[PDB]
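What follows draws every value from the coordinates through simple rules; no lab data is involved. With ideal geometry, Cβ positions are generated from the backbone for all residues, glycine too; neighbour counts draw on all protein chains shown.
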Amino acid sequence: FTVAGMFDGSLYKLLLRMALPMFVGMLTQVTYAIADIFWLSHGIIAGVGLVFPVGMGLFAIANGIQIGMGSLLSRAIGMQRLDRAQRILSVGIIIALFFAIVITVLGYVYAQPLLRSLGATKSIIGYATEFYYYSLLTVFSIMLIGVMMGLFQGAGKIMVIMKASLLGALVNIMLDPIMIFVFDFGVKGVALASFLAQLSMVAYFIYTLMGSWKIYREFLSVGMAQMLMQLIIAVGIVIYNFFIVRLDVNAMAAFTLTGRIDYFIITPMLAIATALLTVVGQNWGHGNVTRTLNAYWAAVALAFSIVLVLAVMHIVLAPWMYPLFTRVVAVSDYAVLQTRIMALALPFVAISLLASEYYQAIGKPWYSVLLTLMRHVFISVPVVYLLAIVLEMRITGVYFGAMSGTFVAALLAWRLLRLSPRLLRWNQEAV
Ligand SMILES: C[As](C)(=O)[O-]
Ligand SMILES: [Rb+]
């Protein structure tokens, strides 16, 4: 429960000490893909790909249940009531349950239309509906992982999260071959290997673990808000792609290359965000607002610094790096122009994003959603359209327009995160 350093400590040591394990954890996630495509090396069952979005749906939902958990529990632990804490574990678990059920039943009955609105059947569909159904079979397990994630994240115990990450990655590494060789299962077998690995995680979490519509409303609101933020971001990508492709198909190919790196650069900011959730939650609940504001700014310091270094390397790397990924030159050239133009807006994502965490931690999710909309919708769209169609810049206007929003939400976060009567009264009301 304790997490030494939380209340009286240095915030930099505290933030990093929680943020590194979580980052090792996020690193293990990759080995799934790597080991998988490694053993899949030993166009019919390729329709596994067609169902890959539904997984990304589920994880997001799972993520909601995590933050809702993490946010609530960490404040209850800060108020030293492990009373609301156990209550919270029970409610969160029940939410996880109802989500699992409504999702699997609705998913089942609407199966065929959903599957239609994804990929075409001229070859692959039976495969598609088969794997769709397996995907459905993983759902309560995923929700459970979420629950646990936010459980240990809430109480600040992140070594448990990392250690479970490692155990999972290992298990998958080992079972992949056994499934393909001992059991002759194939692609199906690498999926199953991956799922058993996740269940190994849930196992480890539970074993470790051994040793009132107001609260439903609170948990629901934070969780749903989290989900709605995921959904907003998804939309942001969608709009962007729309503009890019309708202008230049190469620009699309370019983005298709840069994306995995652009995300990777972000991820350390993500782990910082996860640590900041716990810290702000637990100090908030302890009634010290001044430290929560400091925690936010300490985080923005770390996150900005790191992401900035990485974006700069991405810039210096890109002209040499991208020409090796494709033989179409305006595709690699687009990729390079994109990176040159947009890369430095990246550290500035920390200001807005991290602020969306603060408001989640203190259970005021409206301003989280607001900041996300600021970043991805309200400014970018009219400005992109102004630069890229109206003024006659084309892909370049998209590059600039898109990042304008990032800066505006950065400014809004700067103005919001500070001692105010409203914030201080929020915390009184809370405690
Ligand atoms: C009315 As209020 C919760 O913004 O102080
Ligand atoms: Rb972006």
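Which residues, counting only those in region 392-431, are loosely packed, with under 12 Cβ neighbours inside 10 Å, assigned to a helix (DSSP H, G or I) and more than 11 Å from ligand 1 (Cβ to nearest atom)? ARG415, the sole residue that qualifies.
Please state which one of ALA85, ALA96 is assigned to a helix (DSSP H, G or I) and under 24 Å from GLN29 (Cβ atoms).
Numbers: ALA85 fails: under 24 Å from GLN29 (Cβ atoms).
Among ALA85, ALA96, only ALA96 is assigned to a helix (DSSP H, G or I) and under 24 Å from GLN29 (Cβ atoms).
Do we have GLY150 as under 24 Å from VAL190 (Cβ atoms), assigned to a helix (DSSP H, G or I) and among the small types (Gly, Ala, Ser) here? Taking the combined requirement at face value, the residue does not satisfy it. What number of residues in region 342-380 are assigned to a loop (DSSP other than H, G, I, E, B), over 19 Å from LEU73 (Cα atoms) and under 18 Å from the mean Cα position of the chain (by Cα)? Result for region 342-380: 3. Considering only residues in region 6-56 that are small (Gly, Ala, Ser) and closer than 23 Å to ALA164 by Cβ, the one that is surrounded by the fewest Cβ atoms within 10 Å (Cβ to Cβ) turns out to be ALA33. Answer with yes or no whether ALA225 is assigned to a helix (DSSP H, G or I) and more than 16 Å from ligand 1 (Cβ to nearest atom). Criteria not met by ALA225. Applying the condition of being of a type in the set (A, V, I, L, M) and surrounded by 15 or more Cβ atoms within 10 Å (Cβ to Cβ) to region 171-188 and asking which residue is nearest to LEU40 (Cα to Cα) yields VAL187. For region 214-237, a residue qualifies if it is of a type in the set (A, V, I, L, M, F, W, C), away from ligand 2 (no atom under 15 Å from the Cβ) and surrounded by 18 or more Cβ atoms within 10 Å (Cβ to Cβ), and the qualifying residues are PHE219, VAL222, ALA225, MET227.
State whether the residues of region 342-362 include one that is more than 20 Å from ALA303 (Cβ to Cβ) and among the β-branched types (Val, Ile, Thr). Scanning region 342-362, I find no residue that is more than 20 Å from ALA303 (Cβ to Cβ) and among the β-branched types (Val, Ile, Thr), so the answer is no.
When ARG375 is tested against (1) within 16 Å of ligand 2 (Cβ to nearest atom); (2) of a type outside the set (A, V, I, L, M); (3) farther than 24 Å from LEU293 by Cβ, only condition (3) is not met.
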